Structure formats: structure tokens, C-alpha cells
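*Asks:* First portion of the complex, with coordinates as positioned in the assembly:
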Amino acid sequence: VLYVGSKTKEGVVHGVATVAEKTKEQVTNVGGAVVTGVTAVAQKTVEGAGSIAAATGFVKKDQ
Amino acid sequence: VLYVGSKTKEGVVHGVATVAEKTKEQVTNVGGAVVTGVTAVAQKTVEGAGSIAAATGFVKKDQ
Amino acid sequence: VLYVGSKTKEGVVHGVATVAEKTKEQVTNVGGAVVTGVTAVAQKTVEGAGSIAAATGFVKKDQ
Amino acid sequence: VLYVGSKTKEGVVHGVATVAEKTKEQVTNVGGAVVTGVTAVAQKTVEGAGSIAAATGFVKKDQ
Amino acid sequence: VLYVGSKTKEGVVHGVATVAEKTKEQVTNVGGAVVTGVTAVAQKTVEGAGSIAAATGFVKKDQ
Amino acid sequence: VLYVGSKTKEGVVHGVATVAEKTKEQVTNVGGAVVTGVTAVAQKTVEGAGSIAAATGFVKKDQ
Amino acid sequence: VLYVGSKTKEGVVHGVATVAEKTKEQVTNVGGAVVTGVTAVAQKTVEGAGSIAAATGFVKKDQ
Amino acid sequence: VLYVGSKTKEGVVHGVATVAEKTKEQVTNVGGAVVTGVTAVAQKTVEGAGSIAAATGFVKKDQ
Amino acid sequence: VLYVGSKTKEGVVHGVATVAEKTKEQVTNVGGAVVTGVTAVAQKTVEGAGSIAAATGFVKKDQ
């Protein structure tokens, strides 16, 4: 009768409606990174890092 | 009868309606990183970092 | 009667409706990386990193 | 009566409807990597990294 | 009565409907790698890495 | 009455309907690798890496 | 160049989002007529009568 | 160049999102007529009568 | 160049998303007529009457 995990609900998306009417959508980049329009996204992570809609232009490194 | 996790609900999105009417949407970048329009996004993270809509132009490093 | 995992529901997406009417969608990049429009995406990760809609333009490395 | 895994439901997508009416969709890149439009994607990972909609333009390495 | 795996359901996609009406879809790249339109994709991975819709333009290596 | 694997269901896709009406679909690349349109794909992997819809343009190696 | 009907837009509903969270909805009548909850309703009528959400309990007639 | 019907748009519904979460919905009538919950309804009528969500309990007639 | 019907769009429904999560829906009537939940309904009528969601309990007639 310990009930450590008796009911959990974590990282959950439910019941989403979405309408997008777009007469002209233009995404043109140079040298860069564009993220457009994610919907109903739901992750869980135990012991780690999570970047859902991430966008980097440059990543460098030295000694 | 300890009930450590008797009911949890954490990091949850539910019941979302969204309408977007866009006659012209133009996203044109150079050298950079644009994040546009995330919806109904729900993560959980145990022992880590989470940047949902992140955008960097430059990341460098030295000794 | 320990009930360690009596009921879990984690990293779940359910019940999503999506309508997209797009008369012209143009994604033309040079040198870069564009992520467009993910929907109803749900992962779980134990001991690791998860970037769902990630986009990088440059990744470098030195000593 | 330990019930370690009595009921789990993790990394699950269910009940998704999607309509996309696109009169013209043009994705033309040079040198780069474009990810367009994933839907109803659901992974699980034990001890590893998962990038669902990832896109890189350049990956380098040195000593 | 240990019940280690009494009921699990993990990495599952069920009940997806998708309609795509596309009068003209053109994907022409040079030097690069484009991923378009995956649907109802569901993997599981024990002790490994899984990138479902991944796209790289360049992968290099040095000493 | 140990029940280590009493019921598992992992990496499963079931109940998918998909309609695609495409008046003109043109995928012409040079030097690169395009993945278009996978549907109802479900793998499992014990002790290994799985990239379902992967696409690389260049893979190199040095000492 | 008369332009009798150059542009009309009449009886039009567009761009509506609605969320209803109802823990208990009970409609029990005797002898009568209940109309509950219409949304995004738009008619036009030339030479006639239109009652959109109408409800009558009794209608009689004599000589 | 008379342009009697150059552009008309009449009796039109477009771009509607609706979410309804109802834990218990009970409609039990005797002798009567209940209309519940119409959505995105759009008619046109030339020379006639239109009652979209109508509900009558009794209709009688005499000489 | 008369253009009597140059462009008409009348009685049209387009772009509707709807999510209904109902844990218990009970409709039990005696002697009567219940209409529940129509969606995305669009008629046109030239020279006649149109009742889309109509419900009558009794209809009588005499001399």
C-alpha cells in the first residue's frame, strides 16, 4: 500500500485543434537555421537535456 | 498507505484551440536563427536543462 | 502492494486535429538547415539528450 | 503484489487527424539540409540520444 | 505476483488519419539532403541512439 | 508468478489511413540524398542505433 | 464597368476558436425543446425567414 | 464589363477550431426534441425558409 | 464581358478542426427526437426550404 507511482501523468498533450490558412509562406535563409511551426509536441527526459525547437547559426570550439 | 505518487499531473497541456489566418508570412534571415510559432508544447525534464524555443546566432569557445 | 509503477502515462500526445491550407509554401536555403512543421511528436528518453526540432548551420571542433 | 510495471504508457501518440492542402510547395536548397513536415512521430530511447527532426548544414572535427 | 512487466505500451502510434492534396510539390537540391513528410513513425531503442528524420549536409573528421 | 514480460507492446503502429493526391511531384537532386514520405514505420532495436529517415550528403574520414 | 457585384461578402464567419471544458452537462426536459450551444453558424436567405437557434414548446392552430 | 457577379462570397464559414472536453454529457428527454451542439454550419437559401438549429415539442392544426 | 457569374462562393465551409473528448455521452429519449452534434455542414437550396438540425416531437393535421 506504498503507492510510489499510483497515478502519474507528466509531459502530456491532449485535445488540440489547429487551423492555419496561409496564402503565401516563404522561408529562405542563407548560412542560418530556421525552425517554423511545431505543434502538439510533448517529450519527457530523465537525466538529460531537451531543446524542442532549437536553432543555432554557428557552433565553434577551441582548446 | 504511504501515497508518495498518489496523483501527479505535471508538465501537461490540454484543451487548446488555435486559428491563424496569415495572408503573407515571410521569414528570410542571413547568418542567424529564427524560431516561429510553436504551439501546445509540453516537456518534463528530471536532472537536465530544457530550452523550448531557443535561438542563437553565434556560439564560440576558447581555452 | 508496493505499486512502484501502478499507472504512469508520460510523454504522450493524444487527440490532435490539424488543418493547413497553404497556397504557396517555399523553403529555399543555401548553406543552412531549416526544419518546418512537425506535429504530434512525443518521445521519451532515459539517460540521454533529445532535441526534437533542432537545426544547426555550422558545427566545428578544435583540440 | 510488487507491481513494478503495473501499467505504463510512455512515448505514445494516438488519435491524430491532419489535412494539408498545398497548391505549391517548393523546397530547393544548396549545401544545406531541410526537414519538412513530420507527423505523429513517437519514439522511446533507453540510454541514448534521440533527435527526431534534426537538420545540420556542416559538421567538422579536429584533433 | 511480482509483475515487473505487467502491462507496458511504449513507443506506440495508433489511430492516425492524414490527407494531403498537393497540386505541385518540387524538391530539388544540390549538395544537400532533404527529408520530406514522414507520418506515423514509431521506434523503440534500448541502448542506442535514434534520429528519425535527420538530415546532414556535410560530415567531416580529422585526427 | 514473477511476470517479467506479462504483457509488453513496444514499437507498434496500428490503424493508419493516408490519402495523398499529388498532381506533380518532382524530386531531382545532384550530389545529394533526398528521403521522401515514409509512412507507418515501426522498428525496435536492442543494443544498437536506428535512424529511420536519415539523409547525408557527405561522409568523410581522416586518421 | 457597371460593377453591380464587384465584391460582396455577406453572412460570413471566419477565424473562430472555442474551448469548452464541462465536467458535467445534463439537459433533461419533458414536453419541451432545448437548443444548446451552436457555434460558427452563418446562413444567408433571399426571400424567406431564418431562425437559427429556435425552440418552441407548443404550436397550435384553429380556423 | 457589366460584372453582375464579379466576386460574391455569401454564407461561408472558414477557419474554425473547436475543442470540447466533457466528462459527462447526458441528454434524456420525454415527449420533446433537443438539439445539441452544431458547429461550422453554413447554408444559403434562395426563395425559401431555413431554420438551422430548430426544435419543436408540439405542432398541431385545425380547419 | 457581361460576367453574370464571374466568381461566386456561397454556402461553403472550409478549414475546420474539431476535437471532442467525452468520457460518457448518454442520449436516451422516449416519444421524442434528439439531434446531437453536427459539424461542417453546408447546403445550398434554390426555391425550397432547408432545416439542417431540426427536431420535432409531434406533427398533427386536421381538415
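*Replies:* Received it, and whenever you're ready, just let me know what you need. Residues are numbered from 1 along each chain as shown, chains lettered A, B, ... in the order given.

*Asks:* sec struct for the residue of chain A found nearest chain H, please.
*Replies:* When scored by Cβ to the nearest Cβ, chain A has residue A:17 as its residue closest to chain H, at 4.1 Å. Heads up, the C-betas are built off the backbone N, CA and C, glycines and all. Applying DSSP: H, G, I helix; E, B strand; the rest coil to residue A:17 yields a three-state assignment of strand.

*Asks:* Residue A:18: how many residues sit nearby?
*Replies:* The tally of other residues near residue A:18 (other Cβ atoms under 10 Å in any protein chain shown) stands at 25.

*Asks:* ditto for residue A:24
*Replies:* Residue A:24: 15 surrounding residues under other Cβ under 10 Å.

*Asks:* Would you check that it makes contact with residue B:25?
*Replies:* Yes: with contact defined as Cβ atoms under 8 Å, residue A:24 reaches residue B:25; the gap is 7.2 Å.

*Asks:* Beta-bridge partners for the residue of chain A closest to chain H, please?
*Replies:* Per DSSP bridges, residues listed as beta-bridge partners of residue A:17: residue B:17, residue C:17.

*Asks:* Contacts only, for it.
*Replies:* Contact partners of residue A:17, counting by Cβ atoms under 8 Å, 6 or more residues apart in numbering or on different chains, are B:16-18, C:16-18, G:17, H:17-19, I:17-19.

*Asks:* while you're at it, add chain J from this line:
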Amino acid sequence: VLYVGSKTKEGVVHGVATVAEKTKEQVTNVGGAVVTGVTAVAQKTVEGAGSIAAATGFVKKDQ
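*Replies:* If we add chain J to the chains shown above, we get the following:
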């Protein structure tokens, strides 16, 4: 160049997504007539009457 019917679009439904999760749906009537849940219904009628979701309990007639 009269153009009586140059472009008409009338009585049309297009682009509808619908998700219904119903744990228990019970419709039990006596003596009556229940209409439940029509979706994406679109008729046209020239010189006549159209009742799309109609429901009557009693219809009588005399001299």
C-alpha cells in the same frame, strides 16, 4: 464573353479534421428518432427541400 457560369463553387465542404474520443456512447430510445453526429455533409438542391439532420417522433394526417 457572356460568362453566365464563369466560376461557381456552392455547397462545398473542404479541409475538415475531426477527432472524437468517447469512452462510452449510449443512445437508447423508445418510440422516437435520434440523429447523432454527422460530419462534412454538403448537399445542393435546385427546386426542392433539404433537411440534413432531421428527426421526427410522430407524423399524422387527417382529411
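
*Asks:* once more on the neighbour count of residue A:18, with chain J this time?
*Replies:* Residues within reach of residue A:18, counting by other Cβ under 10 Å, total 26.

*Asks:* distance of it from residue E:14?
*Replies:* The gap separating residue A:18 from residue E:14 is 21 Å, by Cβ to Cβ, to the nearest Å.

*Asks:* residue closest to the middle of chain A?
*Replies:* residue A:52 (2.6 Å; Cα atoms, centre = their mean).

*Asks:* What is the neighbour count of residue A:47?
*Replies:* Should you count by other Cβ under 10 Å, residue A:47 turns out to have 14 residues around it.

*Asks:* And it, its phi and psi?
*Replies:* The phi and psi torsions at residue A:47 (degrees, to the nearest 10) take the values phi 60, psi 60.

*Asks:* how much space between it and residue C:47?
*Replies:* With distances taken as Cβ to Cβ, residue A:47 is found 5 Å from residue C:47.

*Asks:* where do the contact lists of these two overlap?
*Replies:* Applying Cβ under 8 Å, 6+ apart, one finds that no residue jointly contacts residue A:47 and residue C:47.

*Asks:* Quick one: classify residue A:51 as helix, strand or coil.
*Replies:* Using three-state DSSP as the criterion, the local structure at residue A:51 reads coil.

*Asks:* from memory it sits against residue B:53, does it?
*Replies:* No: when contacts are counted by Cβ under 8 Å, residue A:51 is not listed as touching residue B:53 (9.1 Å).

*Asks:* slot chain K in:
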Amino acid sequence: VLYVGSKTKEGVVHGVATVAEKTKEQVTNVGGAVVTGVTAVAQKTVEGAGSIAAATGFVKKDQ
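*Replies:* Time to bring in chain K:
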């Protein structure tokens, strides 16, 4: 160059996705007539009457 029927599109349904998850659906009537769940229905009628989802319990007649 009269163009009486140059382009018509009337009574048309196109692009519909529908998901219905129903754990228990019970329709038990006595003496009556129940219509449940029509989808993507589109008729045209010239000189006549059309009742798509109609339901009557009693129809009588006298002199």
C-alpha cells in the same frame, strides 16, 4: 464564348480526415429509428427533395 457552364463545382466534399476511438458504443431502440454518424456525404438534386440523415418514428395517413 457564351460560357454557361464554364466551371461549376457544387455539392462537393474533399479532404476530410476523421478519427473515432470509442470504447463502448451501444444503440438499442424499440419502436424507433436511430441514425448514427455519417461522414463525408455529398449529394446533388435537381427537382426533388433530399433528406440526408433523416429519422422518423411514425408516419400515418388518413383520407
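
*Asks:* now with chain K: the neighbour count of residue A:24?
*Replies:* With neighbours defined by other Cβ under 10 Å, the count for residue A:24 comes to 15.

*Asks:* and what of the one 3 residues further on?
*Replies:* Under the neighbour criterion other Cβ under 10 Å, residue A:27 is assigned a count of 24.

*Asks:* Same question for residue A:30.
*Replies:* For residue A:30, the count of nearby residues is 18 (other Cβ under 10 Å).

*Asks:* how about it, phi and psi?
*Replies:* Main-chain dihedrals, residue A:30, degrees, to the nearest 10: phi -120, psi 140.

*Asks:* Identify the residues contacting it.
*Replies:* Residues touching residue A:30, when contacts are defined by Cβ under 8 Å, 6+ apart, comprise B:29-31, C:29-32.

*Asks:* Report the buried members of those residues.
*Replies:* When neighbours are counted using 16 or more other Cβ atoms under 10 Å in any protein chain shown, those contain these buried positions: B:29, C:29-32.

*Asks:* want to try a markdown table for those, with secondary structure as columns?
*Replies:* Listed next are the buried ones among the contacts of residue A:30 as a markdown table, based on three-state DSSP:
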| residue | secondary structure |
| --- | --- |
| B:29 | coil |
| C:29 | coil |
| C:30 | strand |
| C:31 | coil |
| C:32 | coil |
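
*Asks:* picking up where we left off before, return the member of the contacts of residue A:30 nearest to chain K.
*Replies:* residue C:29 (29.2 Å).
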